[PDB]
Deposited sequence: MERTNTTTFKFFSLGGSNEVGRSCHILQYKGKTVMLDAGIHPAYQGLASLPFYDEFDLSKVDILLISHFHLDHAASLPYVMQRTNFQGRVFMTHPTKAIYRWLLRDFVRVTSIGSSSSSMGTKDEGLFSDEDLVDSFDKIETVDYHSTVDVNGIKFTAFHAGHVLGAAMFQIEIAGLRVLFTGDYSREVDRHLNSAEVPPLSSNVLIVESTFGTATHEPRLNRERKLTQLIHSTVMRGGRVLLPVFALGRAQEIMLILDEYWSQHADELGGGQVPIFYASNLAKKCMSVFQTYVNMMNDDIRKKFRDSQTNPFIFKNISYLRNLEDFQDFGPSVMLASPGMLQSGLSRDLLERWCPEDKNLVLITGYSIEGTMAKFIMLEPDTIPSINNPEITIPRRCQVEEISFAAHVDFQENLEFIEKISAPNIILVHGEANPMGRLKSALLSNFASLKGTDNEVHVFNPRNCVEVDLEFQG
């Protein structure tokens, strides 16, 4: 009379990181995302794939290119018994192409990606357009706008009438270049939604931008250099839009070579050309100015590109947008160990720092940090540490409003630490206490990893 809908995560439940969720219903199996945990390396960074037969997965959908959602895909497609089909949006695949080599190196610590594996690790990935339903052996799915970063999507899946909405990571506040998350025209029986910020509240965009610009403006005037740890691309372009506009608003003070802006990454050149070729997939505010001046708004006048530090003359104040975002390795870590001994330098965290990473540890203002090249030699940390969120996650009120607009009878929380997730659950159960006991009673689940949630339907 009733069949069982089955949910369980291989990672990213009651935590942020190594996102991977499995759905089973009427003999079909869907995998949502395939990330790693930035606090670990090698196999230790992987979802708990040993707990599920990956050969049973029919389709694998990737919400966006961030490392905690896609960095486990090369491993899944090369080292496991996975044989299903993989889907992502066009900008996600175009960006994923250049994150591929760095994703492999993180999971292959315990070899290196070659051009031969480029066929199986990349060409096999299929792309979907937004709002265009794909049907694969009875599993229908549709990509909707999610905000967050370019190419990010929410997926509504339909299996024999049952509809499930996966938000991935999403935002609803109007971005400076991204379309905000949308409500699918059709209802959903199950909502899988992120819980990153829990019940916390964030300030409006105009307040965070002014707080960001005035903070950096005060730091560089006193002779301090600013380091902004960012992911290779995504949110870094939003910060560059804020700074390149602000720098020209005050070009008499910081124009030309006066305190130059640097976008330091070994993907700087290619990450930009992807952004300049997907403008038509962005919000109307950015395409108007793309149509107004007829010049690409992502061609920054007050920002220069830097690929390594081999020929980087560092004297005088300068603002440094460097990758990786968690300061776990790479360039941003090298400049962190180089600029933190000075007390009036600023390390400004703009994204969500995952538990166990150096970006999270530096916000506790330690006296010293261990050097990356050898751990048992410490470096004094005197620099100023601040945090202004541009992570493009919904806060409590934005999340609750979207959840209420979906109005699913079953909510499954993912992608949040245990404490903020558990507080979000209580608020949702309290907000829906009126319907408790009636036919529209809302059930909320906050499962841990590898814990099955079983739902009965028609």
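Unmodelled regions of the deposited chain sequence (numbering from residue 1, in sequence order): 1-4, 115-125, 474.
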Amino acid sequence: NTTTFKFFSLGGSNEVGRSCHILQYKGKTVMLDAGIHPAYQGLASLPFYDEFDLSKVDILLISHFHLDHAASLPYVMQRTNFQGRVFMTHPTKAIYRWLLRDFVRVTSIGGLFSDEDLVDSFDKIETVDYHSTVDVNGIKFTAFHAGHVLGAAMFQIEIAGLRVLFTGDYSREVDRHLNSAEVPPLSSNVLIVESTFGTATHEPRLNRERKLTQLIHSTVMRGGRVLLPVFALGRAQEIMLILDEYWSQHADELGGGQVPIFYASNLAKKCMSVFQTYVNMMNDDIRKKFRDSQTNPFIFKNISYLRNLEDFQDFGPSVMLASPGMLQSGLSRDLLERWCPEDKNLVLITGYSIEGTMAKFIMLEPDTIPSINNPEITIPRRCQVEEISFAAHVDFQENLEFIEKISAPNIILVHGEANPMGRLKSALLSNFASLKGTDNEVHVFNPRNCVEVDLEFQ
From here on, numbers count along this sequence of modelled residues.
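Looking at 415-423 and 386-394 together, the entry lists the larger mean B-factor for 386-394, computed on C-alpha atoms.
For the segment pair 265-273 and 316-324, the entry gives 265-273 the higher mean B-factor, averaged over Cα atoms.
Set against one another, the Cα B-factors of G147, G84, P341, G234 in the record reach their highest point at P341.
In the deposited coordinates, the residue among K140, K124, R101, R287 with the greatest CA B-factor is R287. For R97, the recorded CA B-factor ranks within the lowest third of the chain. Only modelled residues enter the ranking. Annotation for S188: C-alpha temperature factor in the lowest third relative to the rest of the modelled chain, per the entry. Ranked by Cα temperature factor within the chain, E182 sits in the middle third according to the deposited record. Among the modelled residues of its chain, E15 has a C-alpha B-factor that falls in the lowest third according to the deposited record. The deposited CA B-factor of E355 belongs to the middle third of values across its chain.
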